[PDB]
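To start, the structure under review is shown below, and the notes come after it.
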Amino acid sequence: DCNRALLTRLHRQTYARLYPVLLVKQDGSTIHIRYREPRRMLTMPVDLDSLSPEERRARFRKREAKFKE
Amino acid sequence: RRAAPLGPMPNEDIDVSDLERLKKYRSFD
Amino acid sequence: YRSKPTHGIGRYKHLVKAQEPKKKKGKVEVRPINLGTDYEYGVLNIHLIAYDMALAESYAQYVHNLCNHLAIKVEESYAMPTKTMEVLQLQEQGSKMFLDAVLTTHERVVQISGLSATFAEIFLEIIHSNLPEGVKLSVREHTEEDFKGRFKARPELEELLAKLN
Amino acid sequence: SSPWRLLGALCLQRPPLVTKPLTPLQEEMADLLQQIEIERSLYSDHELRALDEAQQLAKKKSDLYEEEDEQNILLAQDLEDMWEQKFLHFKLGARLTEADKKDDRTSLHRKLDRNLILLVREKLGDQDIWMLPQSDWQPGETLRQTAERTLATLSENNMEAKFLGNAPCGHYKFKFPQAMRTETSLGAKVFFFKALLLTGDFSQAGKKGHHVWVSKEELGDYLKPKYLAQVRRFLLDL
Amino acid sequence: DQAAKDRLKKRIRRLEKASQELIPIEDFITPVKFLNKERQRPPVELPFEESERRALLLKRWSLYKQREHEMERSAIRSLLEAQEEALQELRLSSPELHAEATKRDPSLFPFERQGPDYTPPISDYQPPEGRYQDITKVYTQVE
RNA sequence: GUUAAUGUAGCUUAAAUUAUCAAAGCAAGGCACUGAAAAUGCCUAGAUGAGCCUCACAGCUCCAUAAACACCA
RNA sequence: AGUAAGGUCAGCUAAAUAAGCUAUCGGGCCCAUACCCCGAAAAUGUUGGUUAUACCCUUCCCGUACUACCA
Ligand SMILES: *C(=O)[C@@H](N)Cc1ccccc1
Ligand SMILES: [Mg+2]
């Protein structure tokens, strides 16, 4: 019974057009969402600030090594 | 000198207490 | 008339509630928060949060209508103010950012009254099972702090409050 | 005491991970609802740029008197192509995992759109009967805590599960066979408590011979008609 | 000095005597962006053949919706009966545990649960980085 | 198999070839209608448990619901 | 007792467009102080009602004022 409420409409009278956009979460999971732009898919970036200094240093070395060979 | 009614009163069946539990009319028709 | 047997046939004020009028000076949301009955939980807030306006409201209506069929008193069906976050993604081979997209959050709250302790398992079972897609159900207590988010901010007091401290 | 033996059973349930497929009727109406949205809506900013191309192209056809030839760089059609190429290149997971193909009724990655109820095999009287996890009630312990203790008694488990208050959700009374039936222990009373599995799973030591996860459709096969009836009462179909 | 404190105390009470304003919901208030910006669809043409199948389909949707309510209402009916019959049955055998099972036990709330996603989270996925700015147009007023 | 209660739609009316104009009323649903409910407009779905008896009163029985003696880990 | 009548920056006044002077705080001039020049801060006795407030009314409180006579 997970499809008993999703079938609906934007109940308004003066609304801009919306397009189906498959938004992927931080992990690989995705949820179907209506969005202003007709873009097909969008990804949620990682909040690097939340990481601790030892966690930040872990993420600092990954990208620098990845960009290098 | 109050007298006793000769029969059942019109609105005495419903319970005065717990008004919210009783469903209302919600309509004029 | 008093002595007639048909006295009080026109009594109606005991049928409807008193319905205290919202006085101009006495206008206040006086809510007697009930807490911890023998089998009746306190006032609860069903916070439904979703990214899509249409999907969030559609499930909000289902919760409100389900309560009426189940004889669950609904005090209010208000809506928490929306929050908009600017999604910025990082640019590859670089460090400077760029505006990726503008995603918003929509929250709908269906405040409910006390329910029997037995019905708590049954009622919540229907709710969480019917979460359509990505709707973040959150059944929390109705504390004043959870209700403070609906109001505005008052920097005029904060100017005084900071100096008071 | 009482002749009946008090037992606290745990009805551990896995919430579905993926949205269930739309029925054929719902597919037709979903198209209709989406179609009505476009008809009753206004022109979005992207749709405005669709006419913006028409505004410029019409000038490039007849009104070749434009003041500025710089204009923009990208096009509305081009922008959609930019996101389309990324989306087509990008790949997602599979709704039907390898567990469904292999019919591995132990892993939690099977039937992501369904509900799995934990079943374990217990040997009583030299007979193996699949049943819900359960434990015996003890003095100074509530019936709900008996089901709570049953989760901790599982073989090498790290699962965290939210329970549902303290009231029960079902009952099942059975009497021992007359061979071993006595006045001291006439039978036992099994009480079921529902819980939602948040996170965690069993280790790799024992999987096939310890526990299985099935839905209500195939729940009856592993059970027996007497025990089956009471389980299906409180199990909400989903 | 001491009089200045008196006014500060009085200024506190004066602001207290005012109403607690509520933030208007901008979702229900359409901005001036869509206020007659030439963004009107052309006069919609409805085929007669499309209309008859559209209306006829809605009749089945009404019937199908009633089917969902019937099973759901029957499902909650059985679930309520199953729990109610076990609670009363146990009360006779174990009155002490019945009181524990009926009293309000704060072991349920909060019950924060999320909904299922379209796809399961893939294994070993590394999303890119970035930052989340929150504009959230502020609304501060004074009296 | 056996022992004791009940079976017009969700409740309930008339009815139950007892006679009569007739299977009714309220609930329960979809859509539209400032945003929730509610009103309002348009609009969807329908049962006389089963047979026998009586044919000019209506009940017995059957079956089923459902409890019990009672198969059970 | 009754009646009359007033509260405004620390202080005193004028307006309700809350201003002016002084005091207070900071800086300059001088060997130092004061004068002087420059800059800043500061309030409507109290409660309630006055579309909403303020000058108004009301409540509370302080203090001011007149009269209390014929036998
Ligand atoms: C089940 O049929 C019995 N064998 C269960 C049992 C009862 C008592 C002692 C051991 C087993
Ligand atoms: Mg409505």
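Computed from the coordinates by the stated procedures, all read-outs in this text should not be read as laboratory data. Cβ: placed from backbone, ideal geometry, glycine included. Neighbour counts: every protein chain shown.
Side notes on the structure shown:
- Put simply, of D:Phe163, D:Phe193, D:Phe174 the only residue that is touching a residue at least 12 places away in the same chain (Cβ under 8 Å) and touching a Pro at 6+ places or on another chain (Cβ under 7 Å) is D:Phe193.
- Within the stretch E:3-26, residues that are under 19 Å from C:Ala162 (Cβ atoms) sit with their Cβ atoms under 8 Å from residues that are away from ligand 1 (no atom under 16 Å from the Cβ) and of a type in the set (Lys, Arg), at 6+ positions apart or across chains, in these pairs: E:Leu8/C:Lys163; E:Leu15/C:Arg154.
- If you go through the stretch D:155-192 and keep only what is more than 25 Å from D:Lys226 (Cα to Cα), part of a loop (DSSP other than H, G, I, E, B) and away from chain E (no Cβ under 12 Å), you end up with D:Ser155, D:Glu156, D:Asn158, D:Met159.
- Selection from the stretch E:81-104 of residues that are in a helix (DSSP H, G or I), touching a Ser or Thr at 6+ places or on another chain (Cβ under 8 Å) and free of Cβ contacts under 8 Å to residues at least 12 places away in the same chain: E:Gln83, E:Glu84, E:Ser93, E:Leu97, E:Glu100
- Residue check, D:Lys86 of a type in the set (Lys, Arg), more than 10 Å from chain A (Cβ to nearest Cβ) and free of Cβ contacts under 8 Å to residues at least 60 places away in the same chain: no
- Close contacts from the stretch D:143-159, counting a first residue that is under 10 Å from D:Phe193 (Cα atoms) and a second that is part of a loop (DSSP other than H, G, I, E, B) and of a type in the set (D, E, K, R), with Cβ to Cβ under 9 Å and a gap of 6+ residues or different chains, come to D:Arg144/E:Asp105.
- Any hit, the stretch A:19-35, residues being more than 26 Å from E:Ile122 (Cβ to Cβ) and either away from chain E (no Cβ under 11 Å) or in contact (Cβ under 8 Å) with a residue 40 or more places away in the chain (or both): no
Residue by residue, here is whether (1) in a strand (DSSP E or B); (2) touching a strand residue (DSSP E or B) at 6+ places or on another chain (Cβ under 7 Å); (3) over 21 Å from A:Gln26 (Cα atoms) holds:
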residue: C:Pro81; (1), (2), (3): yes, no, yes
residue: C:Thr84; (1), (2), (3): yes, yes, no
residue: C:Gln89; (1), (2), (3): yes, yes, no
residue: C:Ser95; (1), (2), (3): no, no, no
residue: C:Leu99; (1), (2), (3): yes, yes, no
residue: C:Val102; (1), (2), (3): yes, yes, no
residue: C:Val110; (1), (2), (3): yes, yes, yes
residue: C:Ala120; (1), (2), (3): no, no, yes
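- Annotation note: of C:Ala60, C:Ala120, C:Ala50, the sole residue that is under 21 Å from E:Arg73 (Cα atoms), within 14 Å of chain A (Cβ to nearest Cβ) and in contact (Cβ under 8 Å) with a residue 40 or more places away in the chain is C:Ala60.
- Filtered residues of the stretch E:16-35 (kept if part of a helix (DSSP H, G or I) and either under 20 Å from E:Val138 (Cα atoms) or in contact with a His (Cβ under 7 Å, 6 or more places away or on another chain) (or both)): E:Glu26, E:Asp27, E:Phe28, E:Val32, E:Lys33
- Lone qualifier among D:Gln145, D:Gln138 - being buried (at least 17 other Cβ atoms within 10 Å of the Cβ) and away from ligand 1 (no atom under 16 Å from the Cβ): D:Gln145
- The condition (being among the aliphatic types (A, V, I, L, M), in a loop (DSSP other than H, G, I, E, B) and either surrounded by fewer than 19 Cβ atoms within 10 Å (Cβ to Cβ) or at the interface with chain E (Cβ under 7 Å from one of its Cβ atoms) (or both)) is satisfied by just one residue among C:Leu131, C:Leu160: C:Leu131.
- Looking at D:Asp113, D:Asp100, D:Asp104, just one residue is more than 16 Å from RNA strand G (Cβ to nearest atom), without any contact (Cβ under 8 Å) to a residue 12 or more places away in the chain and closer than 30 Å to C:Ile127 by Cβ, and that residue is D:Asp100.
- Among the residues making up the stretch B:3-19, those that are exposed (fewer than 10 other Cβ atoms within 10 Å of the Cβ) and among the charged types (D, E, K, R) are B:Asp13, B:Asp15, B:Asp18.
- Filter result for D:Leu32 (assigned to a helix (DSSP H, G or I) and farther than 26 Å from A:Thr43 by Cβ): yes
- Looking across the stretch C:51-98, the residues that are farther than 30 Å from A:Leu48 by Cα and aliphatic (A, V, I, L, M) come down to C:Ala54, C:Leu55, C:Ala60, C:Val63, C:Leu66, C:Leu70, C:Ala71, C:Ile72, C:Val74, C:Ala79.
- Output for the stretch C:71-99, where each listed residue is surrounded by 15 or more Cβ atoms within 10 Å (Cβ to Cβ), more than 10 Å from RNA strand F (Cβ to nearest atom) and under 22 Å from E:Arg77 (Cα atoms): C:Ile72
- On inspection, D:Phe234 passes the criterion of being in contact (Cβ under 8 Å) with a residue 60 or more places away in the chain, more than 16 Å from RNA strand G (Cβ to nearest atom), closer than 16 Å to D:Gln13 by Cα and within 14 Å of another protein chain (Cβ to nearest Cβ).
- Some residue of the stretch E:117-127 being over 25 Å from D:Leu197 (Cβ atoms) and either exposed (fewer than 13 other Cβ atoms within 10 Å of the Cβ) or not β-branched (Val, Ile, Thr) (or both): yes
- Whether a residue is touching a helix residue (DSSP H, G or I) at 6+ places or on another chain (Cβ under 8 Å), away from RNA strand G (no atom under 16 Å from the Cβ) and at the interface with chain D (Cβ under 8 Å from one of its Cβ atoms) was assessed, and E:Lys37 does not pass this test.
- Candidates E:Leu79, E:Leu8, E:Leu108: the one that is at the interface with chain C (Cβ under 8 Å from one of its Cβ atoms), within 16 Å of RNA strand G (Cβ to nearest atom) and surrounded by 12 or more Cβ atoms within 10 Å (Cβ to Cβ) is E:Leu8.
- Criterion (over 25 Å from D:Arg14 (Cα atoms), among the small types (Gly, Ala, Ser) and within 13 Å of chain C (Cβ to nearest Cβ)) met by exactly one of E:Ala55, E:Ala18, E:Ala86: E:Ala18
- Only listed residue being surrounded by 12 or more Cβ atoms within 10 Å (Cβ to Cβ) and either within 16 Å of ligand 1 (Cβ to nearest atom) or of a type in the set (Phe, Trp, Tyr) (or both), chosen from D:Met131, D:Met159: D:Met131
- Pairs with Cβ under 8 Å, 6+ apart, first in the stretch D:45-72 and more than 30 Å from A:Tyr35 (Cα to Cα), second outside any helix (DSSP H, G or I) and among the hydroxyl-bearing types (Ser, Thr, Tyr): D:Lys59/D:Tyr65
- The listed residues are D:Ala195, D:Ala188, and the only one of them that is more than 12 Å from RNA strand F (Cβ to nearest atom) and not hydroxyl-bearing (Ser, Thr, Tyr) turns out to be D:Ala195.
- Boolean, C:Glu75 is assigned to a loop (DSSP other than H, G, I, E, B) and free of Cβ contacts under 8 Å to residues at least 60 places away in the same chain: no
- Reported count of residues in the stretch D:53-87, each being in a loop (DSSP other than H, G, I, E, B) and of a type outside the set (D, E, K, R), is 8.
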